[PDB]
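See structure below.
Here Cβ is always computed from backbone atoms with ideal geometry, including for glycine, and neighbour counts include all displayed protein chains. Every read-out reported here was derived from the displayed coordinates using simple, explicitly stated rules and does not represent laboratory data.
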Amino acid sequence: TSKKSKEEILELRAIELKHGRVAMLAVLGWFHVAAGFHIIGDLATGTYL
Amino acid sequence: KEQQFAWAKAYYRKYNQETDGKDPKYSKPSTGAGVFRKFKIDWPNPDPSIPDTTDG
Ligand code: CLA
Ligand SMILES: CC1=C(C#C/C(C)=C/C=C/C(C)=C/C=C/C=C(C)/C=C/C=C(C)/C=C/[C@@]23O[C@]2(C)C[C@@H](O)CC3(C)C)C(C)(C)C[C@H](O)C1
């Protein structure tokens, strides 16, 4: 960011925040499904995923 | 009157049914009878304490 302009810095922060939020939700869902608790898939496939 | 009610009884026996014929399954219990697993109500992550056998 040393040579970037303000718009580029704001876009970098937007990318960072989108990735961070997606990653937080991803970890939540990953642990949720790794604990079992995967009902949508269970019901859709008729079997325990 | 005896003949009248004899004819009435004949007509009753011919045209009337004891029961509507509803499926017996709707009368059988589901919970507490030991046959819970048949209905697959709690299949995802089933409760271990409930016996797996469906014999009742
Ligand atoms: C990065 C996020 C992310 C991604 C990519 C996925 C992807 C997937 N999940 Mg999900 N999941 C997530 C988060 C995520 N999950 C979270 C946070 C939870 C709750 C802890 C779950 C709980 C969950 C279960 C219980 C199951 C899945 C399953 C699945 C698969 C099928 C889709 C489905 O219906 O699940 C989605 C189900 C949900 C309950 C998702 C809830 C999402 C919350 C409410 C966040 C909403 C954010 C919102 C849109 C933000 C606003 C933005 C807007 C203003 C622009 C798929 C691979 C299935 C699977 O793989 O089974 C083997 C399955 O059974 N997920
Ligand atoms: C009736 C029936 C069935 C059914 C059904 C139904 C109705 C199922 C419903 C499922 C449902 C309701 C599933 C929701 C998923 C939501 C997800 C994954 C959201 C992700 C959200 C994400 C990844 C968000 C990301 C971002 O927001 C972040 C973090 C920041 C923003 O800047 C940018 C974006 C927007 C990218 C069975 C049970 C399947 C089988 C049975 O036989 C018959």
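Miscellaneous remarks
- Cβ-derived FRET efficiency at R0 41 Å, B:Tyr26 paired with A:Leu28, nearest 0.05: 0.45
- One chain, two ends: A:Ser2 and A:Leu49. Fully extended at 0.36 nm per residue, the span grows by 12.1 nm beyond their Cα-Cα distance.
- Calculated SAXS-style log₁₀ I(q)/I(0) at q = 0.18 Å⁻¹ - chain A, Debye, Cα scatterers: -0.66
- Between the stretch B:3-26 and chain A, the alpha-carbon center distance in angstrom: 67 Å
- With Cα atoms, 0 to 90° folded angle of helix B:2-15 axis to chain B main axis: 40 degrees
- Equivalent ellipsoid semi-axes, the protein assembly as shown, via Cα gyration tensor eigenvalues times 5, rooted, Å: 69, 22, 8
- With Cα atoms, 0 to 90° folded angle of helix A:6-34 axis to chain A main axis: 10 degrees
- Rh (Kirkwood; distinct C-alpha pairs) - chain B, Å: 15.2 Å
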